Every structure is written in C-alpha cells, then in structure tokens.
file run39.txt (compact mmCIF, N, CA and C atoms)
# COMPACT_ATOMS: atom_id res chain seq x y z
N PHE A 1 0.79 -1.22 0.00
CA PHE A 1 0.00 0.00 0.00
C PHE A 1 0.83 1.28 0.00
N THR A 2 0.60 2.14 -0.99
CA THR A 2 1.17 3.49 -0.99
C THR A 2 0.10 4.53 -0.64
N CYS A 3 0.50 5.51 0.17
CA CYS A 3 -0.42 6.46 0.80
C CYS A 3 -0.99 7.49 -0.15
N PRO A 4 -2.32 7.54 -0.18
CA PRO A 4 -3.10 8.58 -0.84
C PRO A 4 -3.11 9.89 -0.04
N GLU A 5 -3.57 10.96 -0.66
CA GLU A 5 -3.49 12.32 -0.10
C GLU A 5 -4.06 12.53 1.31
N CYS A 6 -3.32 13.30 2.10
CA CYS A 6 -3.68 13.62 3.48
C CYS A 6 -4.48 14.93 3.59
N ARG A 7 -5.24 15.05 4.68
CA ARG A 7 -5.94 16.27 5.04
C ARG A 7 -5.96 16.38 6.57
N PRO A 8 -5.23 17.37 7.11
CA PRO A 8 -5.08 17.62 8.55
C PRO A 8 -6.41 17.59 9.29
N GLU A 9 -7.49 17.94 8.62
CA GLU A 9 -8.77 18.01 9.28
C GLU A 9 -9.29 16.62 9.66
N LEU A 10 -8.99 15.62 8.83
CA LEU A 10 -9.59 14.30 8.97
C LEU A 10 -9.14 13.49 10.20
N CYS A 11 -7.92 13.73 10.65
CA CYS A 11 -7.32 12.91 11.70
C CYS A 11 -8.24 12.74 12.92
N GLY A 12 -8.31 11.52 13.45
CA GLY A 12 -9.00 11.26 14.69
C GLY A 12 -8.14 11.81 15.82
N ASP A 13 -8.35 11.31 17.04
CA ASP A 13 -7.55 11.73 18.19
C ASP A 13 -7.19 10.56 19.12
N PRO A 14 -5.90 10.42 19.48
CA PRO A 14 -5.46 9.31 20.32
C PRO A 14 -5.64 9.59 21.80
N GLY A 15 -6.03 10.81 22.13
CA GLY A 15 -6.10 11.25 23.51
C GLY A 15 -4.72 11.68 23.95
N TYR A 16 -4.59 12.13 25.20
CA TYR A 16 -3.27 12.42 25.77
C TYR A 16 -2.44 11.13 25.81
N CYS A 17 -1.12 11.24 25.72
CA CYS A 17 -0.26 10.04 25.73
C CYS A 17 1.11 10.26 26.39
N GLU A 18 1.49 9.33 27.26
CA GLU A 18 2.58 9.55 28.22
C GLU A 18 4.00 9.62 27.67
N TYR A 19 4.24 9.01 26.51
CA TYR A 19 5.61 8.80 26.06
C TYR A 19 6.05 9.65 24.88
N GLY A 20 5.11 10.36 24.27
CA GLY A 20 5.46 11.22 23.15
C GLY A 20 4.45 11.08 22.04
N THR A 21 4.43 12.05 21.13
CA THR A 21 3.50 12.07 20.01
C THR A 21 4.27 12.09 18.70
N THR A 22 3.68 11.53 17.65
CA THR A 22 4.37 11.46 16.36
C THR A 22 3.42 11.22 15.20
N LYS A 23 3.90 11.49 13.99
CA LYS A 23 3.09 11.36 12.80
C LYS A 23 3.06 9.92 12.29
N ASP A 24 2.05 9.64 11.47
CA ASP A 24 1.81 8.34 10.84
C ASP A 24 2.83 8.04 9.75
N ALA A 25 2.93 6.80 9.31
CA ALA A 25 4.07 6.39 8.51
C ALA A 25 4.24 7.27 7.29
N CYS A 26 3.16 7.66 6.64
CA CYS A 26 3.34 8.59 5.55
C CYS A 26 3.45 10.01 6.07
N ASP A 27 3.38 10.12 7.39
CA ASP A 27 3.68 11.38 8.08
C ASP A 27 2.48 12.31 8.19
N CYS A 28 1.32 11.81 7.80
CA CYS A 28 0.11 12.62 7.72
C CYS A 28 -0.46 13.03 9.07
N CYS A 29 -0.77 12.05 9.89
CA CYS A 29 -1.50 12.31 11.12
C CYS A 29 -0.69 11.91 12.35
N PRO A 30 -0.99 12.52 13.50
CA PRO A 30 -0.30 12.20 14.76
C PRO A 30 -0.87 10.97 15.47
N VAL A 31 0.00 10.22 16.13
CA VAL A 31 -0.41 9.11 16.98
C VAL A 31 0.46 9.18 18.22
N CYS A 32 0.21 8.29 19.18
CA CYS A 32 0.96 8.29 20.43
C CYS A 32 2.20 7.41 20.39
N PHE A 33 3.15 7.69 21.28
CA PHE A 33 4.35 6.87 21.39
C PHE A 33 4.10 5.63 22.23
N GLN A 34 4.51 4.48 21.71
CA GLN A 34 4.47 3.27 22.48
C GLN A 34 5.50 3.37 23.60
N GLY A 35 5.14 2.92 24.80
CA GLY A 35 6.07 2.91 25.92
C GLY A 35 7.10 1.81 25.77
N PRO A 36 7.97 1.63 26.79
CA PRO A 36 8.95 0.54 26.86
C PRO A 36 8.30 -0.82 27.07
N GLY A 37 8.64 -1.78 26.22
CA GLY A 37 8.10 -3.12 26.31
C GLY A 37 6.73 -3.34 25.69
N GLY A 38 6.16 -2.30 25.08
CA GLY A 38 4.81 -2.37 24.50
C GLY A 38 4.77 -2.63 23.01
N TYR A 39 3.70 -3.26 22.54
CA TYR A 39 3.59 -3.69 21.15
C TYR A 39 3.98 -2.62 20.16
N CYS A 40 4.54 -3.07 19.05
CA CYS A 40 4.98 -2.18 17.99
C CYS A 40 5.22 -3.02 16.77
N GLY A 41 5.54 -2.34 15.67
CA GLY A 41 5.78 -2.99 14.40
C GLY A 41 4.47 -3.45 13.79
N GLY A 42 4.57 -4.19 12.69
CA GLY A 42 3.40 -4.63 11.97
C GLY A 42 3.32 -3.83 10.68
N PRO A 43 2.46 -4.27 9.77
CA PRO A 43 2.28 -3.51 8.54
C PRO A 43 1.92 -2.05 8.86
N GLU A 44 2.68 -1.12 8.31
CA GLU A 44 2.44 0.30 8.55
C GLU A 44 2.54 0.64 10.03
N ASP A 45 3.39 -0.09 10.75
CA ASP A 45 3.60 0.16 12.17
C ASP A 45 2.27 0.25 12.88
N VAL A 46 1.30 -0.52 12.41
CA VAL A 46 -0.03 -0.41 12.97
C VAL A 46 0.01 -0.71 14.46
N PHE A 47 0.89 -1.62 14.87
CA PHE A 47 0.95 -2.12 16.26
C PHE A 47 1.66 -1.20 17.25
N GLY A 48 2.39 -0.24 16.69
CA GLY A 48 2.95 0.85 17.45
C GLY A 48 4.16 1.47 16.80
N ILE A 49 4.52 2.64 17.32
CA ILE A 49 5.76 3.33 16.97
C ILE A 49 6.49 3.73 18.23
N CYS A 50 7.67 3.15 18.39
CA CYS A 50 8.50 3.29 19.58
C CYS A 50 8.87 4.72 19.90
N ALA A 51 8.85 5.04 21.19
CA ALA A 51 9.28 6.34 21.64
C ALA A 51 10.78 6.44 21.42
N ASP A 52 11.29 7.65 21.57
CA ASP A 52 12.70 7.91 21.34
C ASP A 52 13.55 7.22 22.41
N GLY A 53 14.64 6.59 21.98
CA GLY A 53 15.47 5.82 22.89
C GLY A 53 15.05 4.36 22.88
N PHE A 54 14.01 4.06 22.12
CA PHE A 54 13.46 2.71 22.05
C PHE A 54 13.30 2.23 20.62
N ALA A 55 13.58 0.95 20.39
CA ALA A 55 13.53 0.38 19.05
C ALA A 55 12.69 -0.89 18.98
N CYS A 56 11.82 -0.95 17.98
CA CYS A 56 10.92 -2.08 17.73
C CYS A 56 11.71 -3.37 17.50
N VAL A 57 11.57 -4.35 18.39
CA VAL A 57 12.30 -5.58 18.22
C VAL A 57 11.36 -6.75 18.11
N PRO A 58 11.53 -7.52 17.08
CA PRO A 58 10.68 -8.64 16.77
C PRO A 58 11.13 -9.84 17.56
N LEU A 59 10.73 -10.99 17.11
CA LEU A 59 10.99 -12.21 17.87
C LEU A 59 12.29 -12.86 17.41
N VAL A 71 6.69 -7.45 13.02
CA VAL A 71 6.13 -7.13 14.32
C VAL A 71 7.08 -7.43 15.46
N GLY A 72 7.27 -6.44 16.32
CA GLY A 72 8.17 -6.57 17.45
C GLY A 72 7.75 -5.68 18.61
N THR A 73 8.62 -5.59 19.61
CA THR A 73 8.33 -4.85 20.83
C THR A 73 9.37 -3.75 21.11
N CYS A 74 8.96 -2.75 21.88
CA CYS A 74 9.82 -1.61 22.18
C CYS A 74 10.79 -1.88 23.32
N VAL A 75 12.07 -1.76 23.01
CA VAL A 75 13.09 -1.95 24.01
C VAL A 75 14.09 -0.81 23.90
N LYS A 76 14.61 -0.37 25.04
CA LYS A 76 15.54 0.74 25.03
C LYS A 76 16.93 0.30 24.61
N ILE A 77 17.49 1.01 23.64
CA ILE A 77 18.87 0.78 23.23
C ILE A 77 19.83 1.58 24.10
N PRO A 78 21.03 1.04 24.32
CA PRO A 78 22.10 1.65 25.12
C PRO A 78 22.02 3.17 25.14
N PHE B 1 1.24 -12.81 5.23
CA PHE B 1 1.37 -12.35 6.61
C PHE B 1 0.25 -12.89 7.50
N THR B 2 0.54 -13.00 8.80
CA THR B 2 -0.49 -13.33 9.79
C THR B 2 -0.01 -12.89 11.18
N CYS B 3 -0.94 -12.93 12.11
CA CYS B 3 -0.71 -12.57 13.48
C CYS B 3 0.02 -13.56 14.37
N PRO B 4 0.98 -13.11 15.18
CA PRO B 4 1.45 -14.03 16.21
C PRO B 4 0.51 -13.93 17.42
N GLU B 5 0.63 -14.80 18.41
CA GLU B 5 -0.21 -14.70 19.60
C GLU B 5 0.38 -13.59 20.43
N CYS B 6 -0.22 -13.23 21.55
CA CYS B 6 0.25 -12.07 22.25
C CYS B 6 0.10 -12.17 23.74
N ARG B 7 0.55 -11.11 24.40
CA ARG B 7 0.37 -10.94 25.82
C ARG B 7 -0.67 -9.85 25.97
N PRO B 8 -1.84 -10.23 26.46
CA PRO B 8 -2.92 -9.27 26.71
C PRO B 8 -2.46 -8.13 27.60
N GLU B 9 -1.86 -8.47 28.74
CA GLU B 9 -1.45 -7.45 29.68
C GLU B 9 -0.57 -6.42 28.98
N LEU B 10 0.14 -6.85 27.95
CA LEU B 10 1.09 -5.97 27.29
C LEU B 10 0.46 -4.78 26.57
N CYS B 11 -0.59 -5.03 25.80
CA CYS B 11 -1.04 -4.04 24.84
C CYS B 11 -1.23 -2.69 25.51
N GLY B 12 -0.66 -1.68 24.87
CA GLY B 12 -0.67 -0.32 25.38
C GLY B 12 -2.08 0.21 25.57
N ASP B 13 -2.20 1.29 26.34
CA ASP B 13 -3.50 1.89 26.65
C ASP B 13 -4.03 2.75 25.50
N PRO B 14 -5.30 2.53 25.08
CA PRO B 14 -5.95 3.22 23.96
C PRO B 14 -6.68 4.51 24.34
N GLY B 15 -6.84 4.75 25.63
CA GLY B 15 -7.51 5.95 26.11
C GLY B 15 -9.02 5.84 26.13
N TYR B 16 -9.67 6.84 26.73
CA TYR B 16 -11.11 6.85 26.80
C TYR B 16 -11.66 6.89 25.38
N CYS B 17 -12.56 5.99 25.01
CA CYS B 17 -13.01 5.96 23.62
C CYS B 17 -14.47 6.40 23.44
N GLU B 18 -14.64 7.64 23.00
CA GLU B 18 -15.93 8.30 22.82
C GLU B 18 -16.89 7.46 21.99
N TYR B 19 -16.35 6.76 20.99
CA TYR B 19 -17.15 5.91 20.11
C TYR B 19 -17.15 4.42 20.47
N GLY B 20 -16.25 4.01 21.36
CA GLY B 20 -16.22 2.63 21.82
C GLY B 20 -14.91 1.90 21.63
N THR B 21 -14.86 0.67 22.13
CA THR B 21 -13.65 -0.14 22.10
C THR B 21 -13.83 -1.40 21.27
N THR B 22 -12.77 -1.80 20.59
CA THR B 22 -12.77 -3.07 19.87
C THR B 22 -11.38 -3.69 19.94
N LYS B 23 -11.20 -4.86 19.33
CA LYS B 23 -9.95 -5.61 19.44
C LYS B 23 -8.88 -5.26 18.41
N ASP B 24 -7.78 -6.00 18.47
CA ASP B 24 -6.60 -5.75 17.65
C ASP B 24 -6.81 -6.12 16.20
N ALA B 25 -5.77 -5.90 15.40
CA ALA B 25 -5.67 -6.49 14.07
C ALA B 25 -5.39 -7.98 14.27
N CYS B 26 -4.53 -8.28 15.23
CA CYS B 26 -4.30 -9.66 15.58
C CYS B 26 -5.31 -10.05 16.63
N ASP B 27 -6.36 -9.26 16.71
CA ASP B 27 -7.48 -9.61 17.55
C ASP B 27 -7.04 -9.60 19.00
N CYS B 28 -5.86 -9.02 19.29
CA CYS B 28 -5.35 -9.01 20.68
C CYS B 28 -5.40 -7.69 21.47
N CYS B 29 -4.83 -6.63 20.93
CA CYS B 29 -4.86 -5.33 21.60
C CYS B 29 -6.15 -4.55 21.35
N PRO B 30 -6.65 -3.93 22.41
CA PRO B 30 -7.87 -3.12 22.37
C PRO B 30 -7.67 -1.82 21.60
N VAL B 31 -8.72 -1.33 20.94
CA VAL B 31 -8.62 -0.15 20.10
C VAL B 31 -9.90 0.66 20.13
N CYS B 32 -9.76 1.96 19.93
CA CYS B 32 -10.92 2.82 19.89
C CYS B 32 -11.44 2.90 18.46
N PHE B 33 -12.76 3.02 18.32
CA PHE B 33 -13.40 3.19 17.02
C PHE B 33 -13.15 4.58 16.46
N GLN B 34 -13.02 4.68 15.15
CA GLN B 34 -12.95 5.98 14.52
C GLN B 34 -14.32 6.61 14.58
N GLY B 35 -14.38 7.91 14.85
CA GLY B 35 -15.63 8.64 14.81
C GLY B 35 -16.11 8.91 13.40
N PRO B 36 -17.30 9.52 13.26
CA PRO B 36 -17.82 9.90 11.94
C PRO B 36 -16.92 10.93 11.26
N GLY B 37 -16.58 10.69 10.00
CA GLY B 37 -15.75 11.61 9.24
C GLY B 37 -14.25 11.42 9.41
N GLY B 38 -13.85 10.66 10.43
CA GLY B 38 -12.45 10.38 10.69
C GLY B 38 -11.85 9.41 9.70
N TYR B 39 -10.52 9.40 9.62
CA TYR B 39 -9.78 8.57 8.66
C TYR B 39 -10.15 7.12 8.88
N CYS B 40 -10.14 6.35 7.81
CA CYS B 40 -10.76 5.05 7.83
C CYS B 40 -9.98 4.06 6.99
N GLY B 41 -9.70 2.92 7.61
CA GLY B 41 -8.95 1.85 6.99
C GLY B 41 -7.48 2.03 6.66
N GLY B 42 -7.14 1.79 5.41
CA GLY B 42 -5.78 1.57 4.98
C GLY B 42 -5.34 0.17 5.31
N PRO B 43 -4.06 -0.11 5.11
CA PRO B 43 -3.66 -1.48 5.37
C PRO B 43 -4.06 -1.74 6.80
N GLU B 44 -4.82 -2.80 6.95
CA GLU B 44 -5.24 -3.29 8.26
C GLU B 44 -5.89 -2.21 9.09
N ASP B 45 -6.62 -1.30 8.45
CA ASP B 45 -7.33 -0.29 9.20
C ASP B 45 -6.34 0.51 10.02
N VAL B 46 -5.09 0.50 9.60
CA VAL B 46 -4.08 1.25 10.31
C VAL B 46 -4.55 2.68 10.47
N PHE B 47 -5.22 3.18 9.43
CA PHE B 47 -5.72 4.56 9.41
C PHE B 47 -6.93 4.78 10.33
N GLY B 48 -7.72 3.74 10.56
CA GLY B 48 -8.87 3.85 11.43
C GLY B 48 -9.81 2.67 11.32
N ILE B 49 -10.76 2.60 12.24
CA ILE B 49 -11.78 1.56 12.19
C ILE B 49 -13.13 2.17 12.54
N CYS B 50 -14.01 2.22 11.56
CA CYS B 50 -15.31 2.87 11.72
C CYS B 50 -16.18 2.09 12.68
N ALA B 51 -16.86 2.83 13.55
CA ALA B 51 -17.73 2.26 14.57
C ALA B 51 -18.97 1.60 13.97
N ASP B 52 -19.53 0.66 14.72
CA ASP B 52 -20.71 -0.06 14.26
C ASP B 52 -21.67 0.99 13.77
N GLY B 53 -22.31 0.72 12.64
CA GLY B 53 -23.23 1.67 12.05
C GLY B 53 -22.51 2.74 11.25
N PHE B 54 -21.19 2.64 11.18
CA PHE B 54 -20.39 3.55 10.37
C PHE B 54 -19.46 2.79 9.43
N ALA B 55 -19.36 3.28 8.19
CA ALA B 55 -18.67 2.58 7.12
C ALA B 55 -17.57 3.46 6.52
N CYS B 56 -16.51 2.77 6.09
CA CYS B 56 -15.42 3.37 5.37
C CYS B 56 -15.94 3.88 4.09
N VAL B 57 -15.74 5.15 3.83
CA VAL B 57 -16.18 5.60 2.52
C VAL B 57 -15.09 6.39 1.83
N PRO B 58 -14.44 5.76 0.84
CA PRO B 58 -13.38 6.40 0.07
C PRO B 58 -13.88 7.66 -0.62
N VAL B 71 -8.35 3.51 1.31
CA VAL B 71 -8.59 4.54 2.31
C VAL B 71 -10.01 5.08 2.20
N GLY B 72 -10.49 5.69 3.28
CA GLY B 72 -11.83 6.26 3.30
C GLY B 72 -12.20 6.97 4.58
N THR B 73 -13.45 7.40 4.66
CA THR B 73 -13.97 8.08 5.85
C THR B 73 -15.20 7.38 6.40
N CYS B 74 -15.29 7.31 7.72
CA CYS B 74 -16.46 6.73 8.38
C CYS B 74 -17.69 7.57 8.10
N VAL B 75 -18.75 6.94 7.62
CA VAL B 75 -19.98 7.67 7.35
C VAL B 75 -21.18 6.91 7.90
N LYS B 76 -21.91 7.55 8.81
CA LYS B 76 -23.04 6.92 9.49
C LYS B 76 -23.93 6.13 8.55
N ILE B 77 -24.34 4.94 8.99
CA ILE B 77 -25.29 4.14 8.23
C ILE B 77 -26.70 4.38 8.79
N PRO B 78 -27.64 4.81 7.92
CA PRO B 78 -28.97 5.28 8.33
C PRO B 78 -29.55 4.52 9.51
call {"tool": "encode", "arguments": {"input": "run39.txt", "output": "structure tokens"}}
result
Amino acid sequence: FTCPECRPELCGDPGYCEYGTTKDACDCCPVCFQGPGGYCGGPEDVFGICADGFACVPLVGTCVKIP
Amino acid sequence: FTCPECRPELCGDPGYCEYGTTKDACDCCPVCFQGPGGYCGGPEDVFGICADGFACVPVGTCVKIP
C-alpha cells in the first residue's frame, strides 16, 4: 500500500499520551508513542511506533531501550 | 502475513473511547473506534476503524449508516 493524499482536518484523536506524540508512517496524522516493552511494528507500524530511545524488536516486534 | 499470539497485559493503553472499544488487528490489543468523518482503513485499518453503524467511505472516511 502506498499512501493517498492527506488532510489535517480528517485525523482522529489518540487522547493524551505519556511517552510522546508522532506522525503516521506517511507522516500525515499524529499518533501516540508506544512505551517501553509495549507492542509495535506490523504492517504500517499499525501495532505501534517506539518512543525515542526505544527500538521495535521482533521475535512485528516490541519496544526496548537501546544503550 | 499473519498474526502471532500475544500478551494481553502488554497491549498499550488506547484511552477513553468516545465511540467505543474493539480488538486488535491480531485480535489481541484493544482499540478505539474511529468517529464519523475520521480517517478510515488503509492497510489493516491502520488509518482507522469505523464504529458499528459507520462505514469506510473512500482509504476512506467513516460515514453513518442510516
């Protein structure tokens, strides 16, 4: 899948989020940061996007802090 | 592609969901429904998931079903 045109108005809302905020893979809309040890990866990072200092690790993977 | 099994306790918090709660793509993590007019679908509904009585309308937008 390649991303069709974005419109800032359309985006839903993730609510407040503890670890950070960031845009969607094509960079269109904001979503929340996955915490440490929480689901991530998947097609289009649907399962999460790791907060800064953390990297998605598979066995789809999970957020773990790098050195 | 397909889903691996998961740890329920793991899945991150989705927040208070004005339109309601549903399950994962892998049927594991809880998720909030997209409201009316909000972004809808894409690969695996990554973009959104329209609430019962609401349909993806082209990617697409949730539009109330009469």
call {"tool": "closest_atom_pairs", "arguments": {"input": "run39.txt", "of": "chain A", "to": "chain B", "cutoff": "6.5 Å", "atoms": "only N, CA and C atoms", "output": "CSV"}}
result
residue,atom,partner,partner_atom,distance
A:10,C,B:39,N,4.4
A:11,N,B:39,N,5.2
A:12,N,B:39,N,4.9
A:14,C,B:14,C,5.8
A:15,CA,B:15,CA,6.1
A:37,C,B:10,CA,6.4
A:38,CA,B:10,C,5.4
A:39,N,B:12,N,5.2
A:43,C,B:43,C,6.3
A:46,CA,B:46,CA,5.1
call {"tool": "closest_residue", "arguments": {"input": "run39.txt", "among": "A:13, A:25, A:41, A:31", "to": "residue 72 of chain A", "atoms": "only C-alpha atoms"}}
result
A:41
call {"tool": "atom_distance", "arguments": {"input": "run39.txt", "atom1": "atom C of residue 55 of chain A", "atom2": "atom N of residue 29 of chain A"}}
result
20.8 Å
call {"tool": "select_by_dssp", "arguments": {"input": "run39.txt", "residues": "chain B", "states": "helix (DSSP H, G or I)", "output": "list in words"}}
result
residues 8, 9, 10, 43, 44 and 45 of chain B
call {"tool": "closest_residue", "arguments": {"input": "run39.txt", "among": "A:1, A:16, A:33, A:47", "to": "residue 71 of chain A", "atoms": "only N, CA and C atoms"}}
result
A:47
call {"tool": "atom_distance", "arguments": {"input": "run39.txt", "atom1": "atom C of residue 5 of chain A", "atom2": "atom CA of residue 45 of chain A"}}
result
18.2 Å
call {"tool": "atom_distance", "arguments": {"input": "run39.txt", "atom1": "atom CA of residue 22 of chain A", "atom2": "atom CA of residue 57 of chain B"}}
result
25.5 Å
